[PDB]
Amino acid sequence: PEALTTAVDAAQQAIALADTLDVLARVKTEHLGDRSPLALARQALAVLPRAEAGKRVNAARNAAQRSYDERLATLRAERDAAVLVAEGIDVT
Amino acid sequence: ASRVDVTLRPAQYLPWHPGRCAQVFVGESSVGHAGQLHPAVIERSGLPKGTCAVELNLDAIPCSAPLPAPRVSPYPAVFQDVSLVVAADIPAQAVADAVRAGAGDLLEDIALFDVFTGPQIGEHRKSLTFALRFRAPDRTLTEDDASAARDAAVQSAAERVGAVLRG
RNA sequence: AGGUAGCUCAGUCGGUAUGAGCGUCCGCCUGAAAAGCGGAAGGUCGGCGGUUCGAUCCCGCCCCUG
Ligand SMILES: [Mg+2]
Ligand SMILES: [Mg+2]
Ligand SMILES: [Mg+2]
Ligand SMILES: [Mg+2]
Ligand SMILES: [Mg+2]
Ligand SMILES: [Mg+2]
Ligand SMILES: [Mg+2]
């Protein structure tokens, strides 16, 4: 269909709103999981008589994947950096 | 085994954990590092969790041939404990050195046996309690003589690391 | 001829990785264990690249073992 404003934009604001790996885990399965609306386009992408719509449908997931990947690595960096400071000891 | 004194100072040096890594000095000369390895290094390398390591340059450790002549006083010792509150990132060794510098020659042994944090102490603080053993070389030390030496140690730690006597 | 979850192995011959065993974690069991059941976590499907709207699957090169 045309879900460039209701599926990609609805996910890029819910991904950036998550500040926890647990919150981001729920947004994953709701906006990029197997039961996601963006997944429904590929599940029915072969019952279509591809060239003019495939690159436009794949670009909907290529943009939604970047938001999850750039947020996962960011929250992973914040989590890893915080464990190191919390594990500091007096070496003397 | 090398008959040298050694100080450990905080350092950040891969592949060690930046918060659990000491750089080893003999005098003012670095001679190596020790502590726990970095968690990212451990995972990428397939190492056991919590692996620790030490590496020293033996050729940087100077050779020592000491000829000790220890002072062995037979007179009784006075035992006192001091509880000092400092900021949480003040190394315990710096507090002990300040206590030792103020106590003078009467101080025979100092040993840290308690590091405490909590609401009784305050945020960003910690409490260190040292066991002090005083002894005179020519007389039985009195409680007042030892307390005067203890008070001078407390004053030294106050000026050097900002220690506050625990109340 | 094959390379598939941390390891050991089936499957999928262009558009939701179908799965097991061990291992790991987690509950039952034990004062605590082992063993056992029970369930969960766990898969750019060898690198480098093409082809394609889209590659674990097809094409080129190379690592790997018999
Ligand atoms: Mg006493
Ligand atoms: Mg007494
Ligand atoms: Mg077959
Ligand atoms: Mg399975
Ligand atoms: Mg399964
Ligand atoms: Mg479990
Ligand atoms: Mg994995």
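First the proteins, then the strands, lettered A, B, ... as listed; each starts at 1. The basis for the numbers below is simple: all heavy atoms, side chains too, and nothing from hydrogens, waters or symmetry mates.
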(message) Could you identify the nucleotide paired to C:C63, looking across every strand shown and requiring Watson-Crick or G-U wobble geometry with both distances under 3.5 Å?
(response) C:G3
(request) Using atom CG of A:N58 as one end and atom P of C:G54 as the other, report the distance to the nearest whole Å. (result) 7 Å
(message) Stacking check, if you would: do C:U16 and C:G15 have six-membered base rings whose centres lie under 5.5 Å apart and whose planes meet at under 30 degrees?
(response) no
(message) For the P atoms, the ones on C:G38 and on C:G46, what distance do you get once it is rounded to whole angstrom?
(response) 32 Å
(request) Have a look at the sugar of C:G50 and report north or south, taking a positive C1'-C2'-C3'-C4' as north and a negative one as south. (result) north
(request) Could you give the distance separating C:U12 and C:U56 at their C1' atoms, to the nearest angstrom? (result) 8 Å
(message) Less than 3.5 Å apart, any donor N or O on the side chain of B:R135 or B:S73 sitting next to an acceptor on the other?
(response) no
(request) Quick one: look at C1'-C2'-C3'-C4' in C:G14 and give me north (positive) or south (negative). (result) south
(message) I'd like to know if A:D19 and A:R71 make a salt bridge, using a cut-off of under 4.0 Å between side-chain N and carboxylate O.
(response) yes
(request) Please report the shortest heavy-atom distance between B:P137 and B:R71, naming the atom on each side. (result) CB-NH2, 3.8 Å
(message) Need the pair for C:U18. Rule: Watson-Crick or G-U wobble, both distances under 3.5 Å, any strand; none if unpaired.
(response) C:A10
(request) Considering only atom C1', compute the distance from C:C45 to C:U18 and round it to an integer number of Å. (result) 13 Å
(message) In this structure, how many angstroms lie between the P atom of C:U44 and the CZ atom of A:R66, rounded?
(response) 19 Å
(message) Can you check the distance between C:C13 and C:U8, where both ends of the measurement are the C1' atom (answer in whole Å)?
(response) 25 Å
(request) With P as the reference atom in both, quote the distance from C:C9 to C:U51 in angstrom, rounded to an integer. (result) 36 Å
(request) Determine the sugar pucker of C:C26: a positive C1'-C2'-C3'-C4' angle counts as north, a negative one as south. (result) north
(request) State whether the distance check finds a donor on one side and an acceptor on the other, under 3.5 Å, for side chain A:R42 versus base C:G54. (result) no
(request) Nearest whole angstrom, please: distance from the P of C:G54 to the CD of A:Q43. (result) 20 Å
(request) Between C:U24 and C:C37, how far apart are the P atoms? Round to whole Å, please. (result) 16 Å
(message) Stacking test, C:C59 against C:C58: centre separation of the six-membered rings below 5.5 Å and plane angle below 30 degrees, yes or no?
(response) yes
(request) Taking the side chain as every heavy atom from C-beta outward, state whether B:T7 and A:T92 have any atom pair closer than 4.5 Å. (result) no
(request) From the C1'-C2'-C3'-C4' angle alone, say whether C:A5 leans north (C3'-endo side) or south (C2'-endo side). (result) south
(message) Determine whether neighbouring nucleotides C:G43 and C:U44 are base-stacked, defined as six-membered ring centroids separated by less than 5.5 Å with an interplanar angle below 30°.
(response) no
(request) Starting from P on C:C53, measure out to CZ on A:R50 and report it in whole angstrom. (result) 11 Å
(message) Using whole Å, what does the distance between atom P of nucleotide C:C53 and atom CG of A:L38 come to?
(response) 21 Å
(request) Under a 3.5 Å limit for both distances, which nucleotide forms a Watson-Crick or G-U wobble pair with C:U44, could you say? (result) none
(request) Provide the distance between the two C1' atoms, one in C:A20 and one in C:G60, to the nearest whole Å. (result) 35 Å
(request) Run through B:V154, B:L128, B:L112, B:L132 and flag the one making a side chain to side chain contact (heavy atoms under 4.5 Å, CB included) with B:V99. (result) B:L132
(message) If a positive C1'-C2'-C3'-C4' torsion means north (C3'-endo side) and a negative one means south (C2'-endo side), where does C:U30 fall?
(response) north
(request) Check the distance between C:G54's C1' and A:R61's CZ and give it to me in whole angstrom. (result) 8 Å
(request) Determine whether A:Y68 and A:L24 make a side-chain contact, defined as any pair of heavy atoms from C-beta on separated by less than 4.5 Å. (result) yes
(request) Using whole Å, report how far NE2 of A:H31 lies from P of C:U16. (result) 21 Å
(message) Among C:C53, C:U16, C:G15, which nucleotide has an atom closest to any side-chain atom of A:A46?
(response) C:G15
(message) Could you check whether C:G21 and C:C7 make a Watson-Crick or G-U wobble pair, counting it only if both donor-acceptor distances come in under 3.5 Å?
(response) yes
(request) Using a 3.5 Å upper limit on both distances, decide if C:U24 and C:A40 constitute a Watson-Crick or G-U wobble pair. (result) yes
(message) I need the NZ-P distance between A:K28 and C:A41, as an integer number of Å.
(response) 12 Å
(request) For B:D97 and B:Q93, test the side chains for any donor-to-acceptor distance below 3.5 angstrom and give the result as yes or no. (result) yes
(message) Give me the distance, rounded to whole Å, that separates C:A40 from C:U30 when you measure between the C1' atoms they each carry.
(response) 23 Å
(message) Check for me whether C:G46 and C:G47 meet both conditions: six-membered ring centres under 5.5 Å apart and planes under 30°.
(response) yes
(request) Check for a donor-acceptor pair, side chain of A:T20 on one end and backbone N or O of A:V23 on the other, with a separation under 3.5 Å. (result) no
(request) Using Watson-Crick or G-U wobble geometry with both distances below 3.5 Å, tell me the partner of C:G36, or none. (result) C:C28
(message) Looking at C:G23 and its strand neighbour C:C22, I'd like to know if their base rings stack, meaning the ring centres are under 5.5 Å apart and the planes differ by less than 30°.
(response) yes
